């Protein structure tokens, strides 16, 4: 039903390299990564100034110790004006894409004409928690809570790691250890091929880390995870969540990662005022939810909803991004929707690229735009599940 609503255009997008856990980007905070992606995205739009950006929505899940309003720090660090309206969004893994939806809605209701939306996550710098210090604990051992485990990866109702609910997904939909492993191998091979062909070069903004006291500068140019594929070692590794008979493993699951992505949205009127060249048009979107432990297949609800909102049939989509929280998540949603893997994650997915949870919703959108360009497509759809039972999805047209 977006035909009746004002149009929203993507005029640029950019992402950081995705760094490994405690890896290439672990020295940077989440707002520094976010600032980097925002600044890089704005620098691609000819005829737009960063001072033109009126409002920011930015996803961030594990915000502990990031400081007041992560999104605000992202905006100011990227050089945006202090007049810019900033809001931090948390829909767990869907945060980065819900941020873009809210951004588009803010243009559609006429409250802004230029919006930056995206997400960022530094899982390396997620802290540990001491919960009982204010009132005290008179006697007994206490727990230092891992913020990643508690606020990012554990279902609140069942107190179950997402990995265990991924095993619930493999059981419900009949995917073996071997099927998940061979999917993971294929998505690494796609990510390495895209890397080698330079197909991430446009979307990635390399990061320059100046050296400290005499030490040499470091440039981080590529995602860290794709090169780690060892097929023999992958097929032989122990399961990560269920001993012995488990089907989910560290290699066939998304890793923990650091990264950020950002898109620049403008109204039809601003496109005309500044004579900007749009990259893409947002056609529609959809959020959906179901039983929390079945979050893995919520995209099978969000994607049809988004396609209906956009007025597009599933068969007209040229490329899908289905976020690979786990290999089995992509396999199960492909099966439920009847989407062949030859249309899914054509440059690889999060199992091979990395999964900075608050950024991945926007990261897969930047990659999708690069896939449509490289494969000469027009219609694309991104969908991402989130712990708690939800999923979000968005449909774009490349222009």
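Numbering follows the first chain given and starts at 1. In this text, rigid core is short for the largest set of C-alphas that superpose within 1.5 Å between two forms.
Taken in 6 other deposited structures of this protein and fitted on the core, 117 to 125 and 240 to 248 differ in how far their Cα atoms move from the shown form, and the one that moves more is 240 to 248. Per the records, residue 213 is among the residues left out by at least a third of the other compared entries, whereas the shown structure includes it.
Judged by mean Cα B factor in the deposited record, 132 to 140 ranks above the other of 104 to 112 and 132 to 140.
Taking the PDB entry as given, 236 to 244 carries the higher mean Cα B factor of the two stretches 236 to 244 and 260 to 268. When the C-alpha B-factors of 39, 335, 363, 347 are ranked from the entry, the top spot goes to 335.
Taking the PDB entry at face value, the top CA B factor among 225, 155, 178, 287 belongs to 178. Ranked within its chain, residue 49 lands in the middle third, by CA B factor from the PDB record.
In the PDB entry, a CA B factor belonging to the middle third of its chain's modelled residues is recorded for residue 343. Ranked by Cα temperature factor within the chain, residue 254 sits in the middle third according to the deposited record. When the modelled residues of the chain are ordered by C-alpha B-factor, residue 231 sits in the highest third.
Per the deposited record, the Cα B-factor of residue 198 falls in the middle third when ranked against the other modelled residues of its chain.
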